[PDB]
Amino acid sequence: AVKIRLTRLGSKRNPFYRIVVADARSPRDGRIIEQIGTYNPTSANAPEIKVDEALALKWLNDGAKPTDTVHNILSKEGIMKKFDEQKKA
Amino acid sequence: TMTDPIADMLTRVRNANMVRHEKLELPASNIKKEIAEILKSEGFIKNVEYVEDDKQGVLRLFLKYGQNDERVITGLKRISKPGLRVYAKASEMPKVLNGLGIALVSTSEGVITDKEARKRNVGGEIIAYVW
Amino acid sequence: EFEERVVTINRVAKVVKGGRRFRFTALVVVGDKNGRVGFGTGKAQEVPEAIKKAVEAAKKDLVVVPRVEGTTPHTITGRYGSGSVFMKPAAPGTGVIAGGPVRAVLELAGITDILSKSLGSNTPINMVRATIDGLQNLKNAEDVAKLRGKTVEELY
Amino acid sequence: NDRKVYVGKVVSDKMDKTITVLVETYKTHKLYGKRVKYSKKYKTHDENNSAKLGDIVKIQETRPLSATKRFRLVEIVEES
Amino acid sequence: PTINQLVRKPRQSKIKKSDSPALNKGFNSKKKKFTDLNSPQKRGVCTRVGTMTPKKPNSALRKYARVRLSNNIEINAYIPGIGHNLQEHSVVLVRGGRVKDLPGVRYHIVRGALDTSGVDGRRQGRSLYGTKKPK
Amino acid sequence: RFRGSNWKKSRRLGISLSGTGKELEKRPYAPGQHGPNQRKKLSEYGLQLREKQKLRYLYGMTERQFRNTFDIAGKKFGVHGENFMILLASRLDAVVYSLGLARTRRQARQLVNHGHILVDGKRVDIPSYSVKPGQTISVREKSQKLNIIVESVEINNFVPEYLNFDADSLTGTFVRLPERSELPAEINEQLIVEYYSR
RNA sequence: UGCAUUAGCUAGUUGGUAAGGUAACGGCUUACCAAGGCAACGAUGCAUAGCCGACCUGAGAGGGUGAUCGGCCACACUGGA
RNA sequence: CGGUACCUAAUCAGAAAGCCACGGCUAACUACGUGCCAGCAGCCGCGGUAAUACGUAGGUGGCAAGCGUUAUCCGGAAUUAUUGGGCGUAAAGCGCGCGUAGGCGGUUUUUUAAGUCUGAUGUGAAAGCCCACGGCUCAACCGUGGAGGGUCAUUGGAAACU
């Protein structure tokens, strides 16, 4: 259900993952909180964050949750820990 | 039978122009005569002469044809009846045969014509395939 | 000004006293490739001779096609009896656009821009009829627009 | 903040809040598109003999907390 | 035919007749059912070959085959090839075809399925089999 | 070309053009199966599908692969009298083994398909791919020297139009896509597709 | 849902008022309502059904397409409290 | 998953090609045992002391990892029809006529904007609306972004039909 989904994709070893955190009751293939971007976060380049950065107000304030790697890359983006600064604001 | 004069009277006229009969009659009307007025202004014929009577009187016709005894009356048709009409709008209308066709005209928003609305984006009405 | 092309042949052999001849009754298109595709027929006999002995009869009357060059801009078709074809005009930059038997007569009149909706009956003699129907009933554009009282483009 | 308010025609009579609707509308085709008349109804029974039987009315019949008339009424209009 | 009173039935094209009941047949043996699932794998049993006392003039001296695969259902088929082991109690598979100089017969029996013989008299048509596919 | 080389087989090849031919002491007709006989590419049971070999193996790929190349012809869906022909006839079988490119065009695909060709870039081991601009179809810089690699200063340079070369290991250019300037015209833009279309 | 070599269909019935209960709301049962309501819109009934894309493809018209393959229903020894 | 790839080039003219037939149409050659026999045998065949053809053959043909089929759709053949069927004979036109709803029966004028190529945009399902891509031994096949469309919604009111 609910952690940052590093979602399987592609042809034979083309794991073009997608930024997602699946629903609290849906599977990896099912419906979701919301699909936020089209990139493989395990890309050989980097985490390579391209998301709906403006959506940090909705899913973080309701439901969403990272897991141990992208909470870092989100707040060097100014999202995840920075939403704690927003909550303090 | 004459929703269009091209419906039943053309049974007469299609031979009448083979025999150069360049004048005939028509039921009295205002839209029917209007469309033939468009066509004679385009130069199909000499002119739509006018009505003798009031109600379904004889509008005179005066059918010129091609100088080469040719006829570009390439069929024109309609289906009017209480039971068959268009309870339906040319707030947009397209054209066929690259604008060569010019034929029947009937709607209600603001006066243009079939060929006089080819460019408006509130078009007209075309049935025939002239070339 | 007509068009050169071979159409077909036919070996007539009638129920007669002696051996049945096989006269190669042949139809041919002849000319020098202007646009006015003129075919004709002929009832001729010898294997190497009946081509020319039948083109003899073919050229007695070889028909005119008043050809709107480049392409007949609108849908161009025709019909007689059980014979007819159709041609939807397409882009001329498409190569050759044709049907099965009408391929070489598509090359005869220089348009090579319309397609050949190969319609009509299944009759071989009137296959020629179905072919020639499409392009025998033509009339040019500017002359018609002139004939209709208005200008060449007042009616456009 | 709005719901179903269509127009129809009443049929039958008894207690408890008419309007026994019979709406008329159009339905059409694919290859030729013949939009032509058809209908759809919602039965109930007489208001207090306020709804005149045979009444081409702006229809519906109020929200059901018992068992004879279906859903959100608007107002009785015209007799037919 | 009209168009407006054609709404009670559209002006359209026409329908199909019977074709090859055996190509696309199945069987469910649960409750005396009779199934169809469109498979070439449908079977029969090897029975018979022969003809009867003529009326019509069709001249041909070639093998008839009431001869089929595993589980018994009566048909009329063909046994291709001259060398054949199709007398009784055989299992085969079947495909289609007709070679000339054969009256009306229009199916076949594949060579070397379960219980038949092989092809002998053709040596210039050599390199078939197309799947285990070398040169 | 034609499944043949004119050093030994100039005969079934309508055009092989590798050598002296065999019209001198031999009969130059054919060794088999690809002379001018009744092969069906015509009114469709006629006498030109031996020249379907002139159509197919000209650009290398075989049928169901040349069939891939003709739908690639239909891909550039501009003027399908010319826009189909230009890229249908836009490959290289002239950089390949024997005669002058360095000495690499004729006995075609022996040696230049090294697998170590080391083009300007990473690697493109197969000239079936129409080479790209800047991506120079070079040979292995570490095993470079051959009679087919550095012989372009003497035998022949300049593969077709907008497709040039160098001398140091014969680095191609392919600066622009090749038009019909130095591209072939043996594949008919009209008839050869009328075998396919009409 | 489709289908009469399936037609006349149906009877607190036809689903408001009062009691009850759904986060919601009801004939869901009950004291009243007309035989009414349903109709060859082939209702009834028979057959069938997880549904879409999916592909191929007739000139365009545009469509048949579920195996997979994806999405969206139902069932997890059958059944019953 | 990889002491394999990259590489030395080790390697040498090396370590990597079949079809119906040789039948008119099947282009694959004429021959023999072949005398409508065997049997190859696709439109159709051949074969009877002169078989090209049965059987066989050196080549041999159309293309090559190549060779022919099997169930599905369509090309073929709009030989499946608004578009893209007609009905005397041919695919089909009623002993008959008489009849309600109807389909359609002739209209001449005139108002609405409801529909008769929405305005413009948020705006669009894959093997499937335009280009850019990267990898693909080419490929085999994969995916990516814009165009997000120019495709629905959303706003419009008004002819010469209604």
# chains A, B, ... in the order shown; residues from 1 in each chain; ligands from 1
$ closest_atom_pairs --of "chain C" --to "chain B" --cutoff "6 Å" --atoms "only C-alpha atoms" --output "JSON lines"
{"residue": "C:147", "atom": "CA", "partner": "B:66", "partner_atom": "CA", "distance": 5.5}
{"residue": "C:148", "atom": "CA", "partner": "B:43", "partner_atom": "CA", "distance": 5.0}
{"residue": "C:149", "atom": "CA", "partner": "B:43", "partner_atom": "CA", "distance": 4.1}
{"residue": "C:150", "atom": "CA", "partner": "B:43", "partner_atom": "CA", "distance": 5.6}
{"residue": "C:156", "atom": "CA", "partner": "B:99", "partner_atom": "CA", "distance": 5.7}
$ interface_residues --of "chain D" --to "chain G" --cutoff "7 Å" --atoms "only C-alpha atoms (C1' of nucleotides)" --output "ChimeraX atom specification"
/D:14-17,64-69
$ residues_around --residues "residue 64 of chain H" --least-positions-apart "4" --cutoff "10 Å" --atoms "only C-alpha atoms (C1' of nucleotides)" --output "ChimeraX atom specification"
/E:135 /F:62-63 /H:17-18
$ atom_distance --atom1 "atom CA of residue 48 of chain F" --atom2 "atom CA of residue 130 of chain E"
27.5 Å
$ residues_around --residues "residue 3 of chain A" --least-positions-apart "3" --cutoff "12 Å" --atoms "only C-alpha atoms (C1' of nucleotides)" --output "count of residues only"
23
$ interface_residues --of "chain C" --to "chain H" --cutoff "10 Å" --atoms "only C-alpha atoms (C1' of nucleotides)" --output "ChimeraX atom specification"
/C:117-119,121-122
$ interface_residues --of "chain B" --to "chain E" --cutoff "12 Å" --atoms "only C-alpha atoms" --output "PDB file with N, CA, C and O atoms, in the first residue's frame"
ATOM      1  N   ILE B  79     -36.062  16.409 -49.530  1.00  0.00           N
ATOM      2  CA  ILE B  79     -36.944  15.386 -48.970  1.00  0.00           C
ATOM      3  C   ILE B  79     -38.077  15.983 -48.139  1.00  0.00           C
ATOM      4  O   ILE B  79     -38.543  15.358 -47.182  1.00  0.00           O
ATOM      5  N   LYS B  81     -41.412  17.097 -46.401  1.00  0.00           N
ATOM      6  CA  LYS B  81     -42.742  16.542 -46.172  1.00  0.00           C
ATOM      7  C   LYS B  81     -43.107  16.740 -44.703  1.00  0.00           C
ATOM      8  O   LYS B  81     -42.200  16.794 -43.863  1.00  0.00           O
ATOM      9  N   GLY B  83     -43.292  15.233 -41.720  1.00  0.00           N
ATOM     10  CA  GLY B  83     -42.742  13.908 -41.513  1.00  0.00           C
ATOM     11  C   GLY B  83     -41.290  13.805 -41.948  1.00  0.00           C
ATOM     12  O   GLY B  83     -40.588  12.883 -41.523  1.00  0.00           O
ATOM     13  N   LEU B  84     -40.822  14.733 -42.796  1.00  0.00           N
ATOM     14  CA  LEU B  84     -39.424  14.715 -43.243  1.00  0.00           C
ATOM     15  C   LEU B  84     -38.975  16.152 -43.521  1.00  0.00           C
ATOM     16  O   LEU B  84     -39.346  16.747 -44.533  1.00  0.00           O
ATOM     17  N   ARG B  85     -38.174  16.693 -42.604  1.00  0.00           N
ATOM     18  CA  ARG B  85     -37.532  17.997 -42.759  1.00  0.00           C
ATOM     19  C   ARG B  85     -36.427  18.090 -41.707  1.00  0.00           C
ATOM     20  O   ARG B  85     -36.058  17.088 -41.089  1.00  0.00           O
TER      21      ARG B  85
END
$ closest_atom_pairs --of "chain D" --to "chain E" --cutoff "12 Å" --atoms "only C-alpha atoms" --output "tab-separated table"
residue	atom	partner	partner_atom	distance
D:27	CA	E:7	CA	11.9
D:28	CA	E:7	CA	10.1
D:29	CA	E:7	CA	9.1
D:30	CA	E:10	CA	11.3
D:31	CA	E:10	CA	10.1
D:32	CA	E:3	CA	9.0
D:33	CA	E:7	CA	10.5
D:34	CA	E:4	CA	8.1
D:35	CA	E:4	CA	11.0
D:36	CA	E:4	CA	10.3
$ select_by_dssp --residues "chain F" --states "helix (DSSP H, G or I)" --output "list in words"
residues 52, 53, 54, 55, 56, 57, 58, 59, 66, 67, 68, 69, 70, 71, 72, 73, 74, 75, 83, 84, 85, 86, 87, 88, 191, 192, 193 and 194 of chain F
$ decode --residues "segment 46-155 of chain C" --atoms "C-alpha atoms" --output "PDB file, in the first residue's frame"
ATOM      1  CA  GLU C  46      -2.976 -13.241 -88.990  1.00  0.00           C
ATOM      2  CA  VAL C  47      -0.818 -13.710 -85.898  1.00  0.00           C
ATOM      3  CA  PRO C  48       1.792 -11.037 -86.809  1.00  0.00           C
ATOM      4  CA  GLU C  49      -0.568  -9.209 -89.177  1.00  0.00           C
ATOM      5  CA  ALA C  50      -3.728  -8.857 -87.073  1.00  0.00           C
ATOM      6  CA  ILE C  51      -2.153  -6.286 -84.778  1.00  0.00           C
ATOM      7  CA  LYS C  52      -1.789  -3.847 -87.650  1.00  0.00           C
ATOM      8  CA  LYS C  53      -4.827  -5.078 -89.567  1.00  0.00           C
ATOM      9  CA  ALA C  54      -6.849  -4.363 -86.418  1.00  0.00           C
ATOM     10  CA  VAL C  55      -5.155  -1.047 -85.636  1.00  0.00           C
ATOM     11  CA  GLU C  56      -6.216  -0.234 -89.209  1.00  0.00           C
ATOM     12  CA  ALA C  57      -9.809  -0.389 -87.979  1.00  0.00           C
ATOM     13  CA  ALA C  58      -8.924   1.152 -84.625  1.00  0.00           C
ATOM     14  CA  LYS C  59      -7.623   4.410 -86.082  1.00  0.00           C
ATOM     15  CA  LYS C  60     -10.718   4.802 -88.288  1.00  0.00           C
ATOM     16  CA  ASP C  61     -12.161   6.630 -85.288  1.00  0.00           C
ATOM     17  CA  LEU C  62     -10.012   7.194 -82.207  1.00  0.00           C
ATOM     18  CA  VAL C  63     -11.719   9.184 -79.520  1.00  0.00           C
ATOM     19  CA  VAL C  64     -10.877  12.507 -77.873  1.00  0.00           C
ATOM     20  CA  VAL C  65     -10.397  13.102 -74.151  1.00  0.00           C
ATOM     21  CA  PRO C  66     -10.491  16.873 -73.457  1.00  0.00           C
ATOM     22  CA  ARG C  67      -8.029  16.550 -70.633  1.00  0.00           C
ATOM     23  CA  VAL C  68      -7.788  18.929 -67.698  1.00  0.00           C
ATOM     24  CA  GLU C  69      -4.047  18.391 -67.316  1.00  0.00           C
ATOM     25  CA  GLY C  70      -2.339  17.882 -63.989  1.00  0.00           C
ATOM     26  CA  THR C  71      -5.598  16.500 -62.646  1.00  0.00           C
ATOM     27  CA  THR C  72      -9.305  16.799 -63.158  1.00  0.00           C
ATOM     28  CA  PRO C  73      -9.729  18.773 -59.915  1.00  0.00           C
ATOM     29  CA  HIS C  74     -13.032  17.221 -58.806  1.00  0.00           C
ATOM     30  CA  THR C  75     -14.268  13.638 -58.640  1.00  0.00           C
ATOM     31  CA  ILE C  76     -13.993  12.291 -62.188  1.00  0.00           C
ATOM     32  CA  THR C  77     -16.047   9.268 -63.251  1.00  0.00           C
ATOM     33  CA  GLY C  78     -18.595   8.122 -65.822  1.00  0.00           C
ATOM     34  CA  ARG C  79     -20.902   5.334 -66.876  1.00  0.00           C
ATOM     35  CA  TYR C  80     -22.544   3.541 -69.779  1.00  0.00           C
ATOM     36  CA  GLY C  81     -24.847   0.549 -69.349  1.00  0.00           C
ATOM     37  CA  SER C  82     -23.132  -1.966 -67.067  1.00  0.00           C
ATOM     38  CA  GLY C  83     -19.761  -0.174 -67.371  1.00  0.00           C
ATOM     39  CA  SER C  84     -18.301   2.554 -65.167  1.00  0.00           C
ATOM     40  CA  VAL C  85     -15.244   3.499 -63.113  1.00  0.00           C
ATOM     41  CA  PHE C  86     -14.434   6.178 -60.554  1.00  0.00           C
ATOM     42  CA  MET C  87     -11.498   8.474 -59.831  1.00  0.00           C
ATOM     43  CA  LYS C  88     -11.074  10.374 -56.598  1.00  0.00           C
ATOM     44  CA  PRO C  89      -8.459  13.116 -57.176  1.00  0.00           C
ATOM     45  CA  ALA C  90      -5.409  12.848 -54.928  1.00  0.00           C
ATOM     46  CA  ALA C  91      -2.046  14.582 -54.786  1.00  0.00           C
ATOM     47  CA  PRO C  92       0.071  14.339 -57.966  1.00  0.00           C
ATOM     48  CA  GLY C  93       3.197  13.821 -55.883  1.00  0.00           C
ATOM     49  CA  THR C  94       2.242  10.221 -55.146  1.00  0.00           C
ATOM     50  CA  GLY C  95       3.671   8.162 -57.996  1.00  0.00           C
ATOM     51  CA  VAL C  96       1.247   6.161 -60.101  1.00  0.00           C
ATOM     52  CA  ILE C  97      -2.202   5.671 -58.540  1.00  0.00           C
ATOM     53  CA  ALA C  98      -4.257   3.184 -60.535  1.00  0.00           C
ATOM     54  CA  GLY C  99      -6.214  -0.067 -60.596  1.00  0.00           C
ATOM     55  CA  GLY C 100      -5.745  -3.414 -62.310  1.00  0.00           C
ATOM     56  CA  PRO C 101      -6.558  -3.095 -66.031  1.00  0.00           C
ATOM     57  CA  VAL C 102      -6.708   0.709 -66.075  1.00  0.00           C
ATOM     58  CA  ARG C 103      -3.036   1.044 -65.092  1.00  0.00           C
ATOM     59  CA  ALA C 104      -1.539   1.737 -68.514  1.00  0.00           C
ATOM     60  CA  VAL C 105      -4.399   3.990 -69.657  1.00  0.00           C
ATOM     61  CA  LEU C 106      -3.873   5.967 -66.444  1.00  0.00           C
ATOM     62  CA  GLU C 107      -0.404   6.657 -67.850  1.00  0.00           C
ATOM     63  CA  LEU C 108      -1.903   7.493 -71.253  1.00  0.00           C
ATOM     64  CA  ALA C 109      -3.623  10.757 -70.356  1.00  0.00           C
ATOM     65  CA  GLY C 110      -1.146  12.729 -68.304  1.00  0.00           C
ATOM     66  CA  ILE C 111      -2.710  13.296 -64.904  1.00  0.00           C
ATOM     67  CA  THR C 112      -1.163  10.580 -62.702  1.00  0.00           C
ATOM     68  CA  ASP C 113      -2.651  12.301 -59.643  1.00  0.00           C
ATOM     69  CA  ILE C 114      -6.131  10.799 -59.190  1.00  0.00           C
ATOM     70  CA  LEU C 115      -6.722   7.274 -57.965  1.00  0.00           C
ATOM     71  CA  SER C 116      -8.635   4.580 -59.837  1.00  0.00           C
ATOM     72  CA  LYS C 117     -11.598   3.275 -57.909  1.00  0.00           C
ATOM     73  CA  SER C 118     -11.905   0.220 -60.152  1.00  0.00           C
ATOM     74  CA  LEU C 119     -15.690  -0.140 -60.264  1.00  0.00           C
ATOM     75  CA  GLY C 120     -17.997  -1.492 -62.950  1.00  0.00           C
ATOM     76  CA  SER C 121     -19.250  -4.830 -64.197  1.00  0.00           C
ATOM     77  CA  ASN C 122     -17.280  -8.032 -64.857  1.00  0.00           C
ATOM     78  CA  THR C 123     -17.710  -7.903 -68.649  1.00  0.00           C
ATOM     79  CA  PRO C 124     -14.414  -7.917 -70.613  1.00  0.00           C
ATOM     80  CA  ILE C 125     -15.553  -6.230 -73.834  1.00  0.00           C
ATOM     81  CA  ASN C 126     -17.456  -3.706 -71.736  1.00  0.00           C
ATOM     82  CA  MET C 127     -14.467  -3.528 -69.423  1.00  0.00           C
ATOM     83  CA  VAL C 128     -13.286  -1.187 -72.173  1.00  0.00           C
ATOM     84  CA  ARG C 129     -16.673   0.498 -71.863  1.00  0.00           C
ATOM     85  CA  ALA C 130     -16.306   0.874 -68.095  1.00  0.00           C
ATOM     86  CA  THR C 131     -12.800   2.266 -68.578  1.00  0.00           C
ATOM     87  CA  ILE C 132     -13.624   4.773 -71.321  1.00  0.00           C
ATOM     88  CA  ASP C 133     -16.840   5.872 -69.599  1.00  0.00           C
ATOM     89  CA  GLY C 134     -14.774   7.568 -66.900  1.00  0.00           C
ATOM     90  CA  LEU C 135     -12.944   9.921 -69.265  1.00  0.00           C
ATOM     91  CA  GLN C 136     -15.250  10.216 -72.300  1.00  0.00           C
ATOM     92  CA  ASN C 137     -17.887  12.415 -70.600  1.00  0.00           C
ATOM     93  CA  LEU C 138     -15.500  15.188 -69.547  1.00  0.00           C
ATOM     94  CA  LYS C 139     -15.581  18.959 -69.938  1.00  0.00           C
ATOM     95  CA  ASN C 140     -12.886  21.443 -69.021  1.00  0.00           C
ATOM     96  CA  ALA C 141     -13.088  23.817 -66.060  1.00  0.00           C
ATOM     97  CA  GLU C 142     -12.545  27.322 -67.426  1.00  0.00           C
ATOM     98  CA  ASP C 143     -14.760  26.706 -70.452  1.00  0.00           C
ATOM     99  CA  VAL C 144     -17.626  25.588 -68.206  1.00  0.00           C
ATOM    100  CA  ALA C 145     -17.137  28.531 -65.853  1.00  0.00           C
ATOM    101  CA  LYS C 146     -17.261  30.762 -68.926  1.00  0.00           C
ATOM    102  CA  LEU C 147     -20.289  28.920 -70.329  1.00  0.00           C
ATOM    103  CA  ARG C 148     -22.199  29.488 -67.085  1.00  0.00           C
ATOM    104  CA  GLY C 149     -22.472  33.245 -67.664  1.00  0.00           C
ATOM    105  CA  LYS C 150     -19.975  34.175 -64.950  1.00  0.00           C
ATOM    106  CA  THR C 151     -16.183  34.399 -65.218  1.00  0.00           C
ATOM    107  CA  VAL C 152     -13.658  31.591 -64.883  1.00  0.00           C
ATOM    108  CA  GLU C 153     -13.586  32.206 -61.103  1.00  0.00           C
ATOM    109  CA  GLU C 154     -16.684  34.255 -60.263  1.00  0.00           C
ATOM    110  CA  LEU C 155     -18.291  30.862 -59.598  1.00  0.00           C
TER     111      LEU C 155
END
